[PDB]
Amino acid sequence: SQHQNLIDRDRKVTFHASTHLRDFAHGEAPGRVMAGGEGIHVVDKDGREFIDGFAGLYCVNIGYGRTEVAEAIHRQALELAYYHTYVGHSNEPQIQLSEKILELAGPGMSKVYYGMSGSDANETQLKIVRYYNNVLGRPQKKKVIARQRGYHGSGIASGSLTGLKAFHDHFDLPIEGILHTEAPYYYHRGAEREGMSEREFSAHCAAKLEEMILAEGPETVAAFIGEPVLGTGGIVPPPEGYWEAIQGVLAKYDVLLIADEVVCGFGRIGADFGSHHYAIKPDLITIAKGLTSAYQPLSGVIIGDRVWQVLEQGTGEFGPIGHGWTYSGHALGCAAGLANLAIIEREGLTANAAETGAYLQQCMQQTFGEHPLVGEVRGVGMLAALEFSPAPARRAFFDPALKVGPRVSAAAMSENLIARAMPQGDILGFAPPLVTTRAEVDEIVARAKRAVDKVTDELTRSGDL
């Protein structure tokens, strides 16, 4: 077919993200050319239509095929596609978008700096943290604490913040000065902690954070970064009491709080930001993904009042800040951001994420809460996940070599449903577009059920369950 001819051309020329590079180049690993889509559906080059239960990568939040966004980009392209935004230069969409972002983020947020990826936004965060402490005369106050199973990007420094092995192994990461405290992941607590409640587990996490700060010396610890809800690390809502306990420790030691809102931002869990939902009061916020629904690459750092004041002090002392990306503030990116945010507001998609997301949780709990392959059903808003187990009542894990998670994802693909096998475990993840309806939730759940049942039967017959 034309589809396979295109794949075979691609094998000769493209290094793809998260791909078995040898097997893809040599024809053993599969490819797929995506060609269209509308709503929650994406279509491949053969015309095969899938329900995209993952919205790309937690990002096609307003759905596919938004002509309205294409027209917004085009109107701006016929005026000015690009000029730099260095040294006080701007474009009108960028100015308007900064206003809209700050309105959504709320009081306490001061300014926006633009990039193109969540990874580059976290590079910017790290430079800000270093500059902040140098300006304040605290040259040792520089270490940054992330968490096991956090996901913060895929570069050298941003990938050091990430707490997943795939982004460190063979790359000599993390770099110096980046530390990892406990995964905020109750279902993975040790067997010895079976009896812990969520709140006791949160207390344990806060105690370990405080111990880390004290062992390192509080005068050396600058910042803590966390997603409100773990995304790529497993779609894991925080345990009861977690954010209140963590914030108390950070305040005790004057440690900055960076909320990584790349997944949770702009409606994903039923609030404007995950920080709003969980009563997190960050000093700095990372955004991307749902900022433009992926129609253009755009990222942001939202700088709070406290840090901004010190950025003013530093530039007063030392001059213009030594930071910039050529495409920072790209007018077409900002035009897409404006159109995307206007659609979210006009269509009430944050409320749909809250209400239909609650329905998603209800349907997943009903369908999978007593399934013999499912150790945990979890989620919040338009995020959900199923973590598989050979013995749910014991929170047992499968031998990773059985590839249970990947196999369930592949079985879902055979039901024409895209749902992601999450890394470092056996977990089927869901992050559907925020336009998803209750009827579409029912169809996603029904297809997922057939896929989980199929792999359950295979594992029964092979003696692995």
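Each residue number is its position in the shown sequence, starting from 1.
S.K.: Averaging C-alpha B-factors over each stretch, which comes out higher, 188 to 196 or 91 to 99?
M.R.: Comparing averages over the C-alpha atoms only gives 188 to 196.
S.K.: Decide which of the stretches 126 to 134 and 344 to 352 has the higher mean C-alpha B-factor, going by the entry.
M.R.: Taking the mean C-alpha B-factor of 344 to 352 and of 126 to 134, the larger value falls to 344 to 352.
S.K.: In the PDB entry, which of 168, 143, 111, 394 has its C-alpha at the highest B-factor?
M.R.: Top of the list by C-alpha B-factor: 394.
S.K.: Would you mind checking which of 371, 378, 147, 323 has the top Cα temperature factor in the PDB entry?
M.R.: Among 371, 378, 147, 323, the PDB entry lists the largest C-alpha B-factor for 371.
S.K.: Considering every modelled residue of the chain and its Cα B-factor in the PDB entry, is residue 398 in the lowest, middle or highest third?
M.R.: It falls in the top third of the chain.
S.K.: For residue 436, return the chain-relative third of its C-alpha B-factor as stated in the PDB record: lowest, middle or highest.
M.R.: Tercile = middle for this residue's CA B-factor.
S.K.: Considering only modelled residues of the same chain, in which third does the CA B-factor of residue 18 rank: lowest, middle or highest?
M.R.: Middle third, going by the recorded CA B-factors of the chain.
S.K.: By the recorded C-alpha temperature factor, relative to the other modelled residues in its chain, which third is residue 78 in?
M.R.: Residue 78: CA B-factor falls in the highest third of its chain.
S.K.: Among the chain's modelled residues, which third holds the C-alpha B-factor of residue 366?
M.R.: Tercile = highest for this residue's CA B-factor.
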